[PDB]
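Next comes just one chain, in structure tokens: the form deposited in one PDB entry.
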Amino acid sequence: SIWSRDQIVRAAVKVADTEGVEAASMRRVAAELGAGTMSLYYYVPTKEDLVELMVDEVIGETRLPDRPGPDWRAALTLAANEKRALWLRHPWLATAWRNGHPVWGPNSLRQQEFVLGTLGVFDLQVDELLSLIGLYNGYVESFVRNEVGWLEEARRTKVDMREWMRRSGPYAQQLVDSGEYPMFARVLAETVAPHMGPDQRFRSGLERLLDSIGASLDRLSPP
């Protein structure tokens, strides 16, 4: 287990933020530091290891409270906004982890202590805790991975979410006119969210997610 390297990781991060993670190849990160590649490899064997070290490294930028306190909705909300701002700042976090094994670096584990801690006081089987936290973490990640995706897409096409929605209007009408997608149509007729800006959309999605967690907790702990 992979758990001064640190200065290597920081230069990697700087490159990945600007030019994407592919561009943070091992030759370049050397260039960035003013060293030749042969020493880099001593401290950081593989590019897979570096990505893992970068993940943990940037999570160290963030600081949550030492303990969540009893308001699990306010604590998860704080964790949500921190995590979103970290992914927007380091968009490669949304697509870079390709492996199955979890990252057990100190900073990753510190933050999970806080997020798991929020529902840690409840008398739940731990796999139920992980299931509810899974719901919460899934919402934040799906949303922001999609957000990042729009930005990466815009830089190529010059068409962002709002502009894509307008230009897709005619195709959408064709699909409605097909008559084969009555639920898609009811979504297009009735949804409010896509017309909210990003910050308000995220927050209102988070409140719905939090209410679903809440409703589960009332089930397992009436009333």
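Sequential numbering from 1, following the sequence displayed.
FYI, the form deposited in another entry isn't displayed, but the following is about it.
Candidate list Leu109, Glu147, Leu78, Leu93; rigid-part hinge between the shown form and the other one assigned to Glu147. In the other entry, the CA atoms of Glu190 and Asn81 sit closer together than in the displayed form, by at least 3 angstroms. If you compare C-alpha positions, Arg201 and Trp164 are 3 angstroms or more farther apart in the other entry than in the form on display.
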